**Q** 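First the structure, which I've put down as structure tokens, then a few questions once you've had a look.
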Amino acid sequence: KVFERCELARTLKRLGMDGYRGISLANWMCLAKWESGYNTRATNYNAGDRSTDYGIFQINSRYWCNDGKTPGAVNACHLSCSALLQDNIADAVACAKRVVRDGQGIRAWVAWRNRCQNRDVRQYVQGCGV
């Protein structure tokens with residue numbers, strides 16, 4: 001599923017993402033926008049290291065989920081990477097929360113540093129009722 005901006009914003013707020021480990025909702029919106037275009041079925045194979053990025057937050061298979069084909073992988077979220085391709089983002093949110101609980105925070109995603117950090121991210125939640 002491809003979420004519309006405000007629909008996703010409201011979904012994230014209900015899932016407890018606003019201010020989770022100091023991360024405002026607009027930052028999470030910014031991250032989802034640049035990672036997958038708010039698409040829960042997006043996947044990116046990294047030919048270079050044999051890992052794959054899954055879902056709306058493009059969570060990597062080397063560290064967070066199991067896809068069985070990534071060498072030296074850990075499954076820190078204790079989930080099949082399939083779980084990150086569902087229309088219901090609950091699993092992906094619980095995994096994203098796990099990612100940030102690591103002494104990197106939102107900076108864990110280089111896309112966030114490139115496109116969101118130090119920028120005016122208010123546009124992502126404007127008019128959404130969140």
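Heads up: numbering here begins at 1 and tracks the sequence. For the numbers below, each heavy atom of this structure counts, side chains included, while hydrogens, waters and symmetry mates do not.
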**Q** Any salt bridge between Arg115 and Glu35, counting N to O under 4.0 Å?
**A**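 Here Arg115 does not pair with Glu35 in a salt bridge, since their nearest N and O are not under 4.0 Å apart.
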**Q** Identify the heavy atoms of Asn60 and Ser51 that sit nearest to each other, and give their distance.
**A**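 Of all heavy-atom pairs spanning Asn60 and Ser51, the closest is ND2-OG, 2.8 Å.
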**Q** If hydrophobic clusters are built from ILVMFWY residues whose side chains come within less than 4.5 Å, do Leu79 and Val74 share one?
**A**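 As far as the 4.5 Å side-chain criterion goes, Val74 and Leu79 are connected within one cluster.
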**Q** Please state whether the rings of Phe57 and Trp109 are parallel, tilted or perpendicular, taking 30° and 60° as the class boundaries.
**A**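 Tilted, since the angle between the ring planes falls between 30° and 60°.
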**Q** List the steps, then state whether side-chain hydrogen bond (donor to acceptor under 3.5 Å, both in side chains) holds for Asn75 with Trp64.
**A** CA-CA 5 Å; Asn75 174 13; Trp64 313 109; over 6 Å; no
**Q** List the steps, then state whether side-chain hydrogen bond (donor to acceptor under 3.5 Å, both in side chains) holds for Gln58 with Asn44.
**A** CA-CA 8 Å; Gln58 286 293 274; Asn44 169 93; 5.2 Å; no
**Q** Distance-only, no hydrogens or angles: does the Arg119 side chain make a donor-acceptor pair with backbone N or O of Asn114 under 3.5 Å?
**A**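 Answer holds: yes.
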**Q** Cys77-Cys65 sulfur separation below 2.5 Å?
**A**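 The answer is no, since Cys65 and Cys77 keep their SG atoms 2.5 Å or more apart.
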**Q** Please check this pair: side chain of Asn46 against backbone of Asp49, looking for a donor-acceptor N/O pair closer than 3.5 Å.
**A**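 A pair under 3.5 Å: no.
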**Q** Assess the residue pair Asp67 and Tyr54 against the criterion (side-chain hydrogen bond (donor to acceptor under 3.5 Å, both in side chains)); give the C-alpha distance rounded to whole Å, side-chain angles, the decisive distance to 0.1 Å, and a yes or no.
**A** CA-CA 10 Å; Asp67 71 357; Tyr54 288 94; 2.6 Å; yes
**Q** So, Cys30 with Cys116, SGs under 2.5 angstrom?
**A**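 Yes - the two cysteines, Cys30 and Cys116, have SG atoms within less than 2.5 Å of each other.
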**Q** Is the number of heavy atoms from other residues, nucleotides or ligands within 6.0 Å of CZ (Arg50) greater than 12?
**A**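 It does not: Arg50 CZ has 12 such atoms or fewer within range.
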**Q** Using only atom types and a distance under 3.5 Å, with no angle test, would you say the side chain of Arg62 pairs donor to acceptor with the backbone of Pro71?
**A**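 A pair under 3.5 Å: yes.
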**Q** Assess the residue pair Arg107 and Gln117 against the criterion (side-chain hydrogen bond (donor to acceptor under 3.5 Å, both in side chains)); give the C-alpha distance rounded to whole Å, side-chain angles, the decisive distance to 0.1 Å, and a yes or no.
**A** CA-CA 9 Å; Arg107 289 172 166 62; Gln117 170 176 222; 2.9 Å; yes
**Q** Just so I know, are the side chains of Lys1 and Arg41 near enough to count as touching, which here means a heavy-atom distance under 4.5 Å?
**A**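 The answer is no; the side chains never approach within 4.5 Å.
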